[PDB]
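Shown below, as structure tokens, is a lone chain in the form deposited in one PDB entry; questions about how it binds or moves come after it.
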């Protein structure tokens, strides 16, 4: 049964399991349950569309109101949050089931009861007031979500004194936002004020349409892109916009500063959730600032389904929102897990704006773009091209982990990820430079170790043999810093130019790339700056072809061979040991980003993902039933793989490889960190549903990897497990 069906029937275990399955499908749903009225509008959408989906029958009457929180008693500022009050009553019944939904562990007040009885007796005048028995339920979410059936109470104790909106009303009436519940209860109201307080609380009947939406997801789960496009154009999007507009008054009334963004996405999600029990609907939200993206995939149980990328705009015209959907869909291999679950090359893009009466939506088809960005190649051709510099900027920023906040407190984390990823990409790229003049050139790479041990600045030198030289800088905002000495480079040519490309991560945590400056011919650059040379050593990057060869065997035939993995990291250690004091690996973020860029820059594997969420675990807690009271608590803890490697399907086994990383300060702490990582692999072994849609096989490989910052030789830099084999996890 569906979510709303189980909830309306009082099936709390069925609803809990049903809602747990939806949270698997929408792995970021919990991040937004407190953003405005995201959660109340979500459950309202499910209720307001349940009849058209044949979940609820015509004789089941649904009444709802938004119990808006109003003024904050702490500081006097208005809030844009609320509770959702919903009640359901079947015609020939005596039980009225009342549901209070919010993001804090609220009940139906006396006035909400009276208004509800008034509304129910209007629809069925054959009833006496003493015929209606009330069951009260609660759904609250804050890593914990609880479903609750209230006790069987008697008399006036069955309902609360005031709703949230009643408290706001009375605080406005008394011109004092600081009044508590007890202080408000002590003040007297006149007859007019009591009647006003009655009008402020009223329920609206959910009135369904004549259109059935039973088979809407049948059209979105189609393997034909024209079918997905046309169904969205002339059917599905029209229904969603029409249903939202039919309740626009209740959504926009008695609230200021509502998050139209998070309420738009909640309404769309609630529509999709009414189908989550009949289809496998993975949903990827990106509601970070300046981003309003929803991408989802509708599957019956398959790998050839069409991704749908929607951009929900609140004030932008329809064509602008569509372009943002197009732009987001092209880079979907970077931003989303949806390309992992389907082999489709094309996606359907939707720009949507509920606040428009003319062209609220527009649809187009866009092809997925390969995420094979060659950083070193693009660096050489960006010297006089602002467009390529913007591409480079986006390449570094868009590969950051999404769950790392871009605030001032996480500056070092962001700076470690960008420098580590850029280093891993450029130091381990084996390809030569493709020149404009129908030619190629071997590239000798270098990394500079500054004299200042605390200068946040990554400096690298790229020398295309016979062509130009490019110095790359990735500095912090406060990196107050002469010229880089280039005497160690074997340069024999009177036509080599030295270029400098500087990148800065400013206080706003946006990557600003300066205008690339030509510093002159090589010998002129060296003749000058003779007294302007910065203190430090220019270390040459070792040859890395053994890394790519061993990495090719690990991704493919040596998939489950422990020795193949050990040889890979022995080669990585051997390549990094001459550079350990220069690259300065001082955080787990830096170590992860280096390996991320190292795997990305290699032709194998096809995809490498950092901080990939594979799913969640749910720990339940049930209270013993006491006088009809039921309490079910579900605690949720996430499971993320630090690195995930995947092979190109052909045999459709993607050979999934997962690496759990730890950073050790010395050789003594390696044992604790390795044991600590094997415990995290143990918890990862419980996750199964998250591994099925990424591969057609039945097994996944997991390894614990430890970096030792105090190593003196490559044999002790990256530690690999030397008992029973514990790296093959079989799926069911």
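In this text, rigid core is short for the largest set of C-alphas that superpose within 1.5 Å between two forms. Positions refer to the first chain, counted from 1.
This protein has a second form, the form deposited in another entry, left out of what is shown; the following refers to that one.
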Once the rigid core is superposed, exactly one of 281, 170, 338, 555 has its CA displaced by 2 Å or more between this form and the one not shown; which residue is that? 170
Core-superposed C-alpha of residue 613 shifting 2 Å or more between this form and the one not shown: no
Does superposing the core leave residue 156 with a CA shift of 2 Å or more between this form and the one not shown? yes
Any CA movement of 2 Å or more for residue 187 between this form and the one not shown, core superposed? yes
